[PDB]
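As a plain string of letters, each chain reads:
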Amino acid sequence: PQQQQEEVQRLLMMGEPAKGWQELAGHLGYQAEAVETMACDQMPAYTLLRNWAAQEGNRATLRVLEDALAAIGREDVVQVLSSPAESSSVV
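Residues numbered from 1 in each chain as written, not as in the entry; some residues may be left out. Heavy atoms only, no water.

Method of determination for the deposited model, per the PDB record: solution NMR.

Given below as structure tokens:
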């Protein structure tokens, strides 16, 4: 849950992008007035847990996270998060 923002943000946030966190707002039911602040509101991906949830999370997570990101096509980070690098031995 938390590591899902602390790690995911380490792919798009770097540079304050207009995609990803923003594209989520489309499925998250947000607004430009807030999308404008989200980019600078204690990190969009970090605040997302409290912003998207509005209390803590769970309701808009676990299964909603993938939908909210897949319905728009934002596996750019999900892919990275679920595929860092191969090495060592065994799974």
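## Digging into helix 3 (residues 21–28)
Turn by turn, an α-helix covers 3.6 residues, leaving residues three or four places apart pointing in a common direction. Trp21, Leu24, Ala25 and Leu28 are the residues of helix 3 that are buried. Seen from one end, helix 3 has its buried residues packed into an arc of 110°, which puts them on one side. (Buried < 20%, exposed > 50% of the residue type's maximum accessible area, 1.4 Å probe, protein only. Helix = DSSP H or I, 4+ residues; strand = E, 2+ residues; numbered from the N terminus. Arc of directions from axis to C-beta.)

## Looking at helix 5 (residues 44–51)
All of the buried residues in helix 5 are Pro44, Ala45, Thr47, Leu48 and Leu49. Turning to helix 5, the residues buried within the fold contact helix 1 (3–6), helix 2 (9–12), helix 3 and helix 4 (32–38). (Contact = heavy atoms within 4.5 Å.)

## As for the pattern of salt bridges
Scanning the entire structure with this criterion turns up four salt bridges. Taking the shortest distance from any N to any O, the salt bridge between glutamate 23 and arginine 74 comes out at 3.5 Å. You can see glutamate 23 sitting in helix 3 and its partner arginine 74 sitting in the loop between helix 6 (64–70) and helix 7 (75–81), a full 51 residues away along the chain. The partner of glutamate 56 in a salt bridge is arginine 50, and the shortest N-O contact between them spans 2.5 Å. Given a relative accessible area of 47%, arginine 50 falls into the partly exposed group. Among the charged side chains, a salt-bridge network with shared partners connects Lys19, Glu23, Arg74 and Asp76. (Salt bridge = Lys/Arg side-chain N within 4 Å of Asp/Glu carboxyl O.)

## Concerning the UniProt feature "domain: Death" in the chain
Residues annotated by UniProt as "domain: Death" correspond here to residues 6–85. With 52% helix and 0% strand, residues 6–85 has its two end C-alpha atoms placed 18 Å apart. (UniProt positions renumbered as here; feature names shortened; annotations may be inferred.)

## Examining the nonpolar core
Residues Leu12, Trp21, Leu48 and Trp52 are the most contacted members of the largest nonpolar core, which totals 16 residues. Within the residue set of this core, elements represented by two or more residues are helix 3, helix 4, helix 6 and helix 7. (Core = buried A, V, L, I, M, F, W, Y, C linked by side-chain atoms within 4.5 Å.)

## Topic: the layout of surface pockets
Of the pockets and cavities examined, the largest pocket occupies roughly 800 Å³. Surrounding the largest pocket, 31 residues form its lining, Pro1, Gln4, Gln5, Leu49 and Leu65 being those nearest its centre. Contributing elements (two or more residues each) for the lining of the largest pocket: helix 1, helix 3, helix 5, helix 6 and helix 7. For the lining of the largest pocket, the element with the highest residue contribution is helix 5, accounting for six residues. Partitioning the lining of the largest pocket into residue classes produces 18 nonpolar, nine polar and four charged. (1 Å grid on protein atoms, 1.4 Å probe; cavity = no way out; pocket = protein on both sides within 12 Å on 5 of 7 lines; lining within 4 Å. Points joined across faces, edges and corners; volume = space filled by probe spheres on them. Nonpolar A, V, L, I, M, F, W, Y, C, P; charged D, E, K, R; others polar.)

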